[PDB]
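In: What would the 3D arrangement of this be:
(one chain, ligands or ions: 4)
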Amino acid sequence: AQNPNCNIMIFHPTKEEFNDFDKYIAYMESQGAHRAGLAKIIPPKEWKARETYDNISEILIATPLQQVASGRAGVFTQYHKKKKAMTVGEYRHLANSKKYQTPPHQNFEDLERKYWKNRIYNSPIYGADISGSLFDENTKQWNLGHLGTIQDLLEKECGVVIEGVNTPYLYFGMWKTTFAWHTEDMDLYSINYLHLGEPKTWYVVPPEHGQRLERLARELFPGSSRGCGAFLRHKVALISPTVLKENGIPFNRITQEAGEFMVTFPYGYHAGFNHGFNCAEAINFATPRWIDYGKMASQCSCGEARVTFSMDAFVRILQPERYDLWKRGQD
Ligand SMILES: O=C(O)CNC(=O)C(=O)O
Ligand SMILES: [Mg+2]
Ligand code: NI
Ligand SMILES: [Zn+2]
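Out: Residues are numbered from 1 along each chain as shown. Ligands and ions are numbered 1, 2, ... in the order given. And now the structure:
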């Protein structure tokens, strides 16, 4: 079995290997990359996402989210308070202000220490989940707006034609902005490209050990667990590496820098934080190997998780027994 310790793997495809996206994902899995839940892909030196980032300041962040924490430094939840709209230029200036800017630090490990010590005492503002793309239309390789759609994959594997679309999303971050522990909708893959700015640190639990993280989360967030049998779908809970180590949960960590791709694999729980002002683009995708994970994915039916239009068909076709209850949660 390849990669039996479930380490995060890093890949350096050549320009020739960067042509065929599906083929390269299947290659990475042949080497055991999925066992970690996360892989890094460094694009060939010839590739670029677009020519420059000099003209992005007028993108609108219609609903910036202030991420307010509750709990203790290593075990907390966050809620998202909606803020007034602002442009990317306005948000960049905010991120760089004395109130929100990255503190002085020695290296990524010192910054990670400071994040876990101090996150809860601040409420950073995240421009998350903005439909759109920063890939130039002429970028033909690993252009996250030109991937094969999940609906087309389901149709190719299973023969059923379904409604829905699959488009990318932009994330504008600042110091301390945080992504809570989660797997993707329907335990899909994700791919995330860091277009510009400061790094993003990731934590990940191997898919084969995801239920260990779930059981710890039920212990640590007991009221949330009683409220919903899949409350990590709410994407609000944080658990620090120190707490994970104290409770024996297998995990790994890695820092993504500008110009790098990360792939999350089906049922790979992940969480992380931004080091400073940055912009990422991410989208979900599927492969043949995903189908079985989609069929087994948990679902939130309490009403909190509320998701996209296109998840309907995935539930309806892959999980018909759960469909009625899940749809009630959506309505
Ligand atoms: O970058 C972020 O805030 C969160 N991204 C992801 O969870 C992802 O790409 O799957
Ligand atoms: Mg602009
Ligand atoms: Ni994710
Ligand atoms: Zn729920």
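
In: hey, let's count contacts and neighbours off CA atoms from now on
Out: Fine.

In: Compute the distance between whichever residue of the stretch 151-300 of the chain sits closest to ligand 1 and ligand 2, please.
Out: Across the stretch 151-300 of the chain, no residue is closer to ligand 1 than residue 192, which sits at 4.5 Å (C-alpha to the nearest ligand atom). Distance, residue 192 to ligand 2, using C-alpha to the ion, to the nearest Å: 21 Å.

In: residues in contact with residue 134?
Out: 49, 50, 195, 281 (C-alpha atoms under 8 Å, 6 or more residues apart in numbering).

In: go with 10 Å
Out: 49-50, 52-53, 56, 143-145, 168-170, 193, 195, 279-281 (C-alpha atoms under 10 Å, 6 or more residues apart in numbering).

In: same check, this time on residue 104
Out: Neighbouring residues of residue 104 by C-alpha under 10 Å, 6+ apart: 110, 111.

In: Nearest to ligand 2 among the contacts of residue 134?
Out: residue 56 (3.5 Å; C-alpha to the ion).

In: Could you look up the SS state of the closest one?
Out: coil (DSSP: H, G, I helix; E, B strand; the rest coil).

In: what's the answer for residue 14, then?
Out: Looking at residue 14 with three-state DSSP, the answer is coil.

In: ok, the closest residue to it other than its chain neighbours - how many residues close by?
Out: Of all residues not flanking residue 14 in the chain, residue 44 sits nearest, at 5.4 Å (C-alpha to C-alpha, 6 or more residues apart in numbering). By other C-alpha atoms under 10 Å, 14 other residues sit near residue 44.

In: Report the separation between residue 44 and ligand 2.
Out: For residue 44, the distance to ligand 2 - C-alpha to the ion - is 27 Å.

In: Tell me where the stretch 1-150 of the chain has helices.
Out: All helices of the stretch 1-150 of the chain, identified by DSSP state H, counting those that start in this stretch, fall at 21-30, 88-95, 108-118, 150-158.

In: Tell me which of the ones you listed sits most buried.
Out: helix 88-95 (a mean of 18; mean count of other C-alpha atoms under 10 Å).

In: Identify all contacting residues around it.
Out: 55-61, 64, 85-87, 97, 100-102, 124-127, 172-175, 276-279.

In: Now restrict the residues you listed to buried residues only.
Out: 60-61, 64, 86-87, 100-102, 124-127, 172-175, 276-279 (16 or more other C-alpha atoms under 10 Å).

In: List, one by one, the residues from this structure near ligand 2.
Out: Taking C-alpha under 5 Å from the ion as the contact definition, the chain meets ligand 2 at 55, 56, 57, 58, 59.

In: Need those residues in CSV (columns: distance to residue 181).
Out: Compiled in CSV, the residues of the chain next to ligand 2 are given as follows (distance: C-alpha to C-alpha, whole Å):
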residue, distance to residue 181
55, 33
56, 29
57, 30
58, 31
59, 28
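
In: got a markdown table for the residues you listed, with distance to ligand 4 too?
Out: As requested, those are arranged in a markdown table below (distance: C-alpha to the ion, whole Å):
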| residue | distance to ligand 4 |
| --- | --- |
| 55 | 40 |
| 56 | 36 |
| 57 | 36 |
| 58 | 36 |
| 59 | 32 |
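
In: Closest one of these to residue 163?
Out: The shortest approach to residue 163 among the residues of the chain next to ligand 2 belongs to residue 59, at 28.9 Å (C-alpha to C-alpha).

In: In contact with the closest one, which residues?
Out: With C-alpha under 10 Å, 6+ apart, residue 59 has these contacts: 86, 87, 88, 89, 90, 130, 132.

In: Thanks a lot, catch you later.
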